Structure formats: structure tokens, C-alpha cells
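Residue strings, one per chain:
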4 protein chains.
Amino acid sequence: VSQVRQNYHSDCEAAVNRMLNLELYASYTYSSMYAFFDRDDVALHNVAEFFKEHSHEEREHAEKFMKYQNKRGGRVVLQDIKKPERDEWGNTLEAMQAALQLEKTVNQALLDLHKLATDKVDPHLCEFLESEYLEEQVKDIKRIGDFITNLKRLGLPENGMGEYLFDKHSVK
Amino acid sequence: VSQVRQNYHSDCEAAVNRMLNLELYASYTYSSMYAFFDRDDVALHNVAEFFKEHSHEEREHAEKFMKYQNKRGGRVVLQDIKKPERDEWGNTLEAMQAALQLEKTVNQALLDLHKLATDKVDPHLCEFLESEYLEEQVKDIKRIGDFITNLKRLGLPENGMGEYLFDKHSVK
Amino acid sequence: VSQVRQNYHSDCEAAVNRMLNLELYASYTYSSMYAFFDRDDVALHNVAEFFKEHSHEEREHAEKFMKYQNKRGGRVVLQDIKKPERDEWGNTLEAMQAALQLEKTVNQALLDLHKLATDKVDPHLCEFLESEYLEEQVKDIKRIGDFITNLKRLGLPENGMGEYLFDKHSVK
Amino acid sequence: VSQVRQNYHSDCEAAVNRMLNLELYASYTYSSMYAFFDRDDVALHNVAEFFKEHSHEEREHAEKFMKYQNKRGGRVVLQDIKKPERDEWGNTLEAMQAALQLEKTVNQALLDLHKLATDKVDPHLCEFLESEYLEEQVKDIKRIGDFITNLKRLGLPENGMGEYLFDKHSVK
Ligand SMILES: [Cl-]
Ligand SMILES: [Cl-]
Ligand SMILES: [Cl-]
Ligand SMILES: [Cl-]
Ligand SMILES: [Cl-]
Ligand SMILES: [Cl-]
Ligand SMILES: [Cl-]
Ligand SMILES: [Cl-]
Ligand SMILES: [Cl-]
Ligand SMILES: [Cl-]
Ligand SMILES: [Cl-]
Ligand SMILES: [Cl-]
Ligand SMILES: [Cl-]
Ligand SMILES: [Cl-]
Ligand SMILES: [Cl-]
Ligand SMILES: [Cl-]
Ligand SMILES: [Cl-]
Ligand SMILES: [Cl-]
Ligand SMILES: [Cl-]
Ligand SMILES: [Cl-]
Ligand SMILES: [Cl-]
Ligand SMILES: [Cl-]
Ligand SMILES: [Cl-]
Ligand SMILES: [Cl-]
Ligand SMILES: [Cl-]
Ligand SMILES: [Cl-]
Ligand SMILES: [Cl-]
Ligand SMILES: [Cl-]
Ligand SMILES: [Cl-]
Ligand SMILES: [Cl-]
Ligand SMILES: [Co+2]
Ligand SMILES: [Co+2]
Ligand SMILES: [Co+2]
Ligand SMILES: [Co+2]
Ligand SMILES: [Co+2]
Ligand SMILES: [Co+2]
Ligand SMILES: [Co+2]
Ligand SMILES: [Co+2]
Ligand SMILES: [Co+2]
Ligand SMILES: [Co+2]
Ligand SMILES: [Co+2]
Ligand SMILES: [Co+2]
Ligand SMILES: [Co+2]
Ligand SMILES: [Co+2]
Ligand SMILES: [Co+2]
Ligand SMILES: [Co+2]
Ligand SMILES: [Co+2]
Ligand SMILES: [Co+2]
Ligand SMILES: [Co+2]
Ligand SMILES: [Co+2]
Ligand SMILES: [Co+2]
Ligand SMILES: [Co+2]
Ligand SMILES: [Co+2]
Ligand SMILES: [Co+2]
Ligand SMILES: [Co+2]
Ligand SMILES: [Co+2]
Ligand SMILES: [Co+2]
Ligand SMILES: [Co+2]
Ligand SMILES: [Co+2]
Ligand SMILES: [Co+2]
Ligand SMILES: [Co+2]
Ligand SMILES: [Co+2]
Ligand SMILES: [Mg+2]
Ligand SMILES: [Mg+2]
Ligand SMILES: [Mg+2]
Ligand SMILES: [Mg+2]
Ligand SMILES: [Mg+2]
Ligand SMILES: [Mg+2]
Ligand SMILES: [Mg+2]
Ligand SMILES: [Mg+2]
Ligand SMILES: [Mg+2]
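Residues numbered from 1 in each chain as written, not as in the entry; some residues may be left out. Chains lettered and ligands numbered in written order. Part of a larger assembly, values for the part shown. Heavy atoms only, no water. Residues with missing side-chain atoms left out of burial classes, pairs and counts.

Student: I'm lost on the UniProt feature "binding site: Fe cation 1" in chain A in this one. Help?
Tutor: Residues and elements named next belong to chain A. Here, UniProt's "binding site: Fe cation 1" annotation points to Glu 23, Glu 58 and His 61. These residues run over 39 residues, yet every pair of their C-alpha atoms falls within 6.5 Å of each other. Along the chain, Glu 58 falls in helix α2 (residues 45–72). Not counting residues within four places of it along the chain, the set of residues in contact with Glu 58 comprises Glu 23, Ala 26, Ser 27, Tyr 30 and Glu 103. Within the fold, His 61 resides in helix α2. Ignoring any residue separated from it by four or fewer positions in sequence, one finds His 61 in contact with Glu 23, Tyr 133, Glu 136 and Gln 137. (UniProt positions renumbered as here; feature names shortened; annotations may be inferred. Helix = DSSP H or I, 4+ residues; strand = E, 2+ residues; numbered from the N terminus. Contact = heavy atoms within 4.5 Å.)

This is the structure we're talking about:
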């Protein structure tokens, strides 16, 4: 047992490793979206940059779980980072819809980790999630939802002029 | 009778209390519009902020009537602030149309208070209204009318692209 | 169901609307106290300004609940803002006593909302209350209690010199 | 007839001269109060300075009526400035009570001049009074009333400690 370990259940340690992997999976999905929107036959560079920034954010979320694991005396165990579910993302609306579902998947995993930490009576892990993860997820979900509403209003997927307008006034 | 009171008719004092309540009612209506445009399924944040600012302005108009009442030696009497007439505001045009009618309602109440002050021969109250309230009402009514004209030109309520364009170039 | 909604119980959504209304009710009560202390026959302007500031604070607390409701995908539903329980507040001690009970009423409502969020297993709402509301309530309750102790020590309600001294050295 | 004169009734011209004299009479009364509070056996120097400042203000009000008279083509006609009604002013409360009645006397004269200007249909004179005189009178009356309330609360005229406290915290 690590000399620093105190009130840290093996189940929580394992779930933190799984959460780290999911953050990395999300980062990789966002990077795929960045690459898609940078294609010469897609060419929506403000949209591409939005997804690149989200890729960076998710990787930082992962690094923070690595640091957390070590601080508590757990051991980081890495697994393969699976490739994204799609190779091409259609258009800005389709990609934002996919991002919304990904953010809700991540949020559900965070909520499930919080349930586990509650069951094992780990207030440090609970507060870490509450103060460092759950509010940013809710903010990101709201932002992406707002974008989806606007893209539908702009006539996506059919209205290419609307798609151009979005790239030029909403993510600039 | 208050030691400061001079040339202040009971009827005017009461009408000032009623005017205070109407300013508060208007502030609350605008706050409702702010909340509607901040919804994830509406998502027009520059429009929401316009209404939030107008909510603030109306509350300041109310505070100034409270201060006026005390300066003249009248007594502030508060009543319930009624909830807005609608829970949802449709779209930017529908909301601006509602705001125009609200501003005209407030302006009519100010004009009616001025008639009363004239009848009771209260030049201080008349000038307060003339110099602190009536010109801002006319300016606000003109601004909202100009917005309505533009929203109709942009094809509201049917044209969602027009609604997006307005939010991005007229209230930014 | 809103596209952003996740782990947000209808009961919590409704209780957030009720909490918003209570914050607005508190703001309105404080504004009444401001107006009372600004009267020419009361004339304690540092006390009036203290209550005006608290009125502002409470309105900001309400706006933050509106924003919260939308972020979670709930719908803001407004009700009448009831007028304050009194039209006149007696003196500085009587008003501070009323403010203490109002702040404890608000705090009890926050604690009850936290119980509901706990029962429905909503850690985001729990942390929002814990980190954005509960500590400010405890601080405000302590400040007002400290003022009450000082006002009693100064001989309120009978000792007018004490009341003047308080206005000039404790809320300046 | 003056070459500049237009829509200026002889009655209004005469009433402006009488108003000028009353402003000068008020200035002189305030100067008497300044001198009283500067006496070695009274010795309330912040109170004395308050009245000195009001003396200055009233003299400026008079000069502005002189300038007004000439601008309209009327002729300034001066009369004796009568000495104040009292040679000694008792104490801070007695003096503030006298100042309140003086300010209300001046305000009544301004309101009466406004009635005359209304009857003779002189909008320039009406607006001059409304915008340059009536609001300052209401503000001054409110301030002095607030002081009277505080002086009574402090136990004047009997409570000398209260009188000292006022001079040190309310007019400093
Ligand atoms: Cl352990
Ligand atoms: Cl274990
Ligand atoms: Cl972050
Ligand atoms: Cl696998
Ligand atoms: Cl694919
Ligand atoms: Cl997903
Ligand atoms: Cl966070
Ligand atoms: Cl009156
Ligand atoms: Cl009356
Ligand atoms: Cl304004
Ligand atoms: Cl009713
Ligand atoms: Cl409705
Ligand atoms: Cl209306
Ligand atoms: Cl003006
Ligand atoms: Cl105005
Ligand atoms: Cl839900
Ligand atoms: Cl539910
Ligand atoms: Cl706050
Ligand atoms: Cl009811
Ligand atoms: Cl009452
Ligand atoms: Cl209460
Ligand atoms: Cl807090
Ligand atoms: Cl003439
Ligand atoms: Cl004539
Ligand atoms: Cl002046
Ligand atoms: Cl004589
Ligand atoms: Cl005498
Ligand atoms: Cl007099
Ligand atoms: Cl003025
Ligand atoms: Cl002291
Ligand atoms: Co993200
Ligand atoms: Co993440
Ligand atoms: Co990093
Ligand atoms: Co595979
Ligand atoms: Co995310
Ligand atoms: Co936080
Ligand atoms: Co984010
Ligand atoms: Co407005
Ligand atoms: Co208004
Ligand atoms: Co204000
Ligand atoms: Co109703
Ligand atoms: Co308005
Ligand atoms: Co003007
Ligand atoms: Co305005
Ligand atoms: Co408060
Ligand atoms: Co509050
Ligand atoms: Co605010
Ligand atoms: Co009622
Ligand atoms: Co409070
Ligand atoms: Co907890
Ligand atoms: Co917490
Ligand atoms: Co904190
Ligand atoms: Co506070
Ligand atoms: Co004066
Ligand atoms: Co004067
Ligand atoms: Co001069
Ligand atoms: Co004589
Ligand atoms: Co005066
Ligand atoms: Co004017
Ligand atoms: Co003015
Ligand atoms: Co003055
Ligand atoms: Co002191
Ligand atoms: Mg283990
Ligand atoms: Mg936003
Ligand atoms: Mg009455
Ligand atoms: Mg304009
Ligand atoms: Mg429900
Ligand atoms: Mg628990
Ligand atoms: Mg303290
Ligand atoms: Mg003549
Ligand atoms: Mg004052």
C-alpha cells in the first residue's frame, strides 16, 4: 500500500483510470473533427479551431486525473485510446450533435464516478469532481446545445449559406 | 404632515406610488424576456442581453421615483409586482412587439401623471417627468420601433436566418 | 425534454423557481427598508444605503438562479413578487431584527433545496448551493446578528443618541 | 422698450426684482447664523460653515436673477436688504428650524412666480425656474428636514452632548 494512501478505495482508483481513458477518447474525437473541418472540401476554419480547442481542454482534463491518481496514492494504468466512431463528420450540425452526445457521455461517467465516491464515502474525490469537472461539463453542454439550436434555425444541413454565416459570426 | 411637504397633493403622491409599481412591473417583464432568449432552445444571447439591460434601466426608473417620493415628503407604499403576461415570448419579433406596447403603456402612464400634476399645479413634479422620464421613453420607443421594422424586413417570424442575422449585427 | 437536460429532476426544477421568487421577495423587502430609512422623519442614510446594497445583492442571487435553470435545461417560471410584510420598519433595531429573520428564512429554503437535491442525487445542484449560496448566507446572518447586539448595547429602541452613533460608525 | 424684450410682462419683471431681494434677504439671514455659531460661547464651527456656504449659495441665486432680468430686457431695481428676524439663534435645532421655514418661504415665492409666468404665458421664465431653482429648493428643504429629525433624536435642545456629536459627524 502507498504510504500516502488514506480513505481511497480500490474501486475508485480503477474508476479514475477508466475516466482518464474516456477523457483521452473525447480529446481524440475532437481532434478528428478539427481535421475534418480543415479539409479543403469542407473548409470551415473557425469551426475547426473550436474543436481543436476542445481537444486540448479534454487532454488537460485527462492530465488532471493522472495527477489526482498519484496524489491519492493510486496507480495510473493506461489503456488503448480508441479511434473515433466516425472518419468523417458530415457538416457543422452533424458534428455538433455528435459533440453534444459525447459531452453527455462524459458527464454521465463523471456522475457515475461521483455515485461510487459517495457509496465509498470519499469526500475528497466527491469535491474534486464537483468543483473541477461537473460545472465545466454543464457549461460545455449548454454552449453546444445553443449552437445546435442556431444551426437548425440557419437551415442546416441543407442551407450552405447558413453554415457559412455560423462559421463567420458564432465561433470566430 | 411631513415637515418638508409643500405643494404636494395627496393624489399626486398616490399616483407616484402607482407609477413606481408599473416601472417595477416593466422591469420584471424585461427580465422574463432575458430568461426566454437565454433558453437553450432559443439561444439568442445578444437579444437576451438587450432585454436584461432594459430590465436594469426600468428598476433604476423605479428607484428614482422612490427617492422622489421621499424628497417631497410623500410616503412610499409598495404593492405586489405582478408576473409578466406571458411565460414564453415566441421569437425576437413577438418579443419586440410586446416591448413596444409595454413602453407605450409606461409612456401613457407618465403622460397621465403629468396631466394630474398640471391639474394640481405642481411644477416640480411636471419638470421631473419632463426632464427625467419623457425623453427617454420617446427614445426607447423609437429604438424598438426601428428594430421591429428591421425584423419584419428580415422575414420574421418565418425566416430563421434573418433572426440570426439580427442578433449578430443589431444588438451585438 | 430539453436537449441539454441531464440528471435534472422536475421537482428540483420547480424548487429552483420557488427559490428565485423568494430571492426576489427578499430584494423587495430590503428596498422597502431603504425607502423607510430615507424618509425625512427617519433620516438614517448610511442605514438606508446598507439595505439598498442588500436589495441589489438579493436581485443578483435571483438572476443567478435564472441562469442556473437555463443551463440545466429547466424552464424559468415566474410568479408575483409579494409586497413586504410591513410598510414601515420602526427603527434600526426593528429593521435589523426583521432582516435577520428574512435571511434565516432564505437560508432555510436553501438548505431545504439542498435536501431535495441530495434526495434526487444531483451533485451539480448541491455544489452550486454549497459554493455559491450557503457561505454568503452564513456571513450575512453573522453580520446582521453582530449589528443587533450592538444596537441593543447602544440602548435601542429608546436611545436615539445610540441610533445616531450606530449610523455614523457602523455602516458608514 | 428694450430692443431685446419679447414676451416679457411688466408684472413678471417686477416679481423677478422682488425674488432677487428675497434671495438676498435669505443670504443675509444665513450669514447671521454663521456669525452666531462662530461665537466663543456657541462654538460649533462645522455648523457655522454649513450656514456660511448656504449664504454664498443664496447670493449666487440672486446674481442669477440679475443676469436673467438683463437677458430678457427688464431692469434690475434694488431695494433695502432687511436685517434678519433674530440677532441670536439659540442652538443648532432652533437655527435649522428657522432655516427650514426660510427655505419654504423662498420656495413658495418661486412657486408663486411660476404661477404668474404661467398666467402671462412666459415659457422661458417657467423653464428657468423649473430647471435652475425648484429642484435645488426641494433638495435643500429635504436636507434640512433630515437634520432636524436627527437633532431631535439626539435630544436637542437639552442634550449638549448630542449637539456636539451632530457638529462632529453630520456637517463636518
Ligand atoms: Cl486507503
Ligand atoms: Cl480498497
Ligand atoms: Cl478545463
Ligand atoms: Cl476493445
Ligand atoms: Cl465515417
Ligand atoms: Cl458519445
Ligand atoms: Cl468545473
Ligand atoms: Cl402639501
Ligand atoms: Cl392633499
Ligand atoms: Cl435611465
Ligand atoms: Cl390584483
Ligand atoms: Cl405564455
Ligand atoms: Cl403593455
Ligand atoms: Cl431641463
Ligand atoms: Cl428622460
Ligand atoms: Cl433529466
Ligand atoms: Cl423528472
Ligand atoms: Cl452575492
Ligand atoms: Cl397568494
Ligand atoms: Cl406596517
Ligand atoms: Cl421572514
Ligand atoms: Cl456563497
Ligand atoms: Cl415684451
Ligand atoms: Cl407688459
Ligand atoms: Cl446653486
Ligand atoms: Cl419696510
Ligand atoms: Cl434675537
Ligand atoms: Cl421665513
Ligand atoms: Cl435647480
Ligand atoms: Cl462619536
Ligand atoms: Co469538451
Ligand atoms: Co472532459
Ligand atoms: Co497539459
Ligand atoms: Co476498434
Ligand atoms: Co467535454
Ligand atoms: Co465552483
Ligand atoms: Co469547456
Ligand atoms: Co425600457
Ligand atoms: Co421606465
Ligand atoms: Co440602482
Ligand atoms: Co395574477
Ligand atoms: Co421603458
Ligand atoms: Co433634457
Ligand atoms: Co432606455
Ligand atoms: Co442579503
Ligand atoms: Co439571497
Ligand atoms: Co445583475
Ligand atoms: Co397580499
Ligand atoms: Co439574504
Ligand atoms: Co456533498
Ligand atoms: Co461540495
Ligand atoms: Co467556497
Ligand atoms: Co451578503
Ligand atoms: Co439655501
Ligand atoms: Co435661494
Ligand atoms: Co457670484
Ligand atoms: Co426693520
Ligand atoms: Co434656500
Ligand atoms: Co427642463
Ligand atoms: Co434638471
Ligand atoms: Co442648496
Ligand atoms: Co465619533
Ligand atoms: Mg485495486
Ligand atoms: Mg452562451
Ligand atoms: Mg394621501
Ligand atoms: Mg437608432
Ligand atoms: Mg416539471
Ligand atoms: Mg450523502
Ligand atoms: Mg464583522
Ligand atoms: Mg414695468
Ligand atoms: Mg441626504
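Student: Just checking my understanding: could you explain the relation of the copies chain D and chain C for this structure?
Tutor: Mapping between the two copies of the chain is achieved by a rotation about an axis and a shift along the axis. Of the two same-sequence chains, chain D is brought onto chain C (RMSD 0.0 Å, axial shift 0.0 Å) by a rotation of 90 degrees. Here the copies are linked by what is in effect a four-fold axis. Residue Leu 165 of chain D, judged by its C-alpha, is the member of chain D lying nearest the rotation axis, at 6.0 Å. (Least-squares fit on C-alpha atoms.)

Student: In this structure, what is going on with the UniProt feature "domain: Ferritin-like diiron" in chain A? I would like to understand it.
Tutor: Following the UniProt record, one finds the feature "domain: Ferritin-like diiron" at residues 6–155 of chain A. End-to-end, the C-alpha atoms of residues 6–155 of chain A are 55 Å apart, and along that stretch the chain is 77% helix and 0% strand.

Student: Looking at this structure, I do not really get the relation of the copies chain B and chain C. What am I missing?
Tutor: When chain B is fitted onto chain C, the two copies agree to an RMSD of 0.0 Å after a turn of 180 degrees and an axial shift of 0.0 Å. Here the transformation between the copies is reduced to the relation of a two-fold axis. Across chain B, the smallest distance between a C-alpha and the rotation axis is recorded for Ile 81 of chain B, namely 2.5 Å.

Student: Which parts of the structure should I look at to understand helix α4 (residues 123–153) of chain B?
Tutor: All names here are of chain B. An ideal rise of 1.5 Å per residue puts 45 Å on 31 residues; α4 measures up with 44 Å between its terminal C-alpha atoms. If you look at α4, its biggest bend is around 40 degrees, right at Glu 130. Phi turns positive, to about 90 degrees, at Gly 155, one or two residues after α4. (Expected span 1.5 Å × (residues − 1). Bend = angle between axes of the 7 residues up to and from the residue.)

Student: Got a minute to help me understand the layout of surface pockets in this structure?
Tutor: Empty space among the atoms becomes visible once a probe the size of a water molecule is rolled across them. Approximately 490 Å³ is the volume found for the largest pocket. Taken together, 24 residues form the lining of the largest pocket, with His 56, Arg 59 and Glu 63 of chain B together with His 56 and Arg 59 of chain C sitting closest to its centre. If one sorts the elements of the lining of the largest pocket by residue count, helix α2 (residues 45–72) of chain C sits on top with ten residues. Split into classes, the residues belonging to the lining of the largest pocket amount to five nonpolar, eight polar and eleven charged. (1 Å grid on protein atoms, 1.4 Å probe; cavity = no way out; pocket = protein on both sides within 12 Å on 5 of 7 lines; lining within 4 Å. Points joined across faces, edges and corners; volume = space filled by probe spheres on them. Nonpolar A, V, L, I, M, F, W, Y, C, P; charged D, E, K, R; others polar.)

Student: What is the right way to look at the interface of chain B and chain C in this model?
Tutor: How big an interface is tends to be expressed through the accessible area that disappears when the partners come together. At the interface, 32 residues of chain B touch 32 residues of chain C. Here chain B and chain C share an interface that buries about 2800 Å² over both sides, 48% of which is from carbon and sulfur atoms. For the chain B face of the interface with chain C, the top three residues by lost area are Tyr 28, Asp 40 and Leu 78 of chain B, together amounting to 22%. The tally of links from chain B across to chain C stands at six salt bridges. Residue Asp 40 of chain C is joined to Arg 75 of chain B by a salt bridge in which the shortest nitrogen-to-oxygen separation is 3.0 Å. Inspection of the chain B/chain C interface yields 17 residue pairs in polar contact. Among the secondary structure elements, those contributing two or more residues to the side of chain B that touches chain C are α1 (10–37) and α2 (45–72) of chain B. With eight residues, α1 of chain B is the largest single contributor of residues to the side of chain B that touches chain C. (Buried area = accessible area lost by both parts, 1.4 Å probe. Salt bridge = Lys/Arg side-chain N within 4 Å of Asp/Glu carboxyl O. Polar contact = N/O pair within 3.5 Å; in protein donor to acceptor, adjacent residues only side chain to side chain.)

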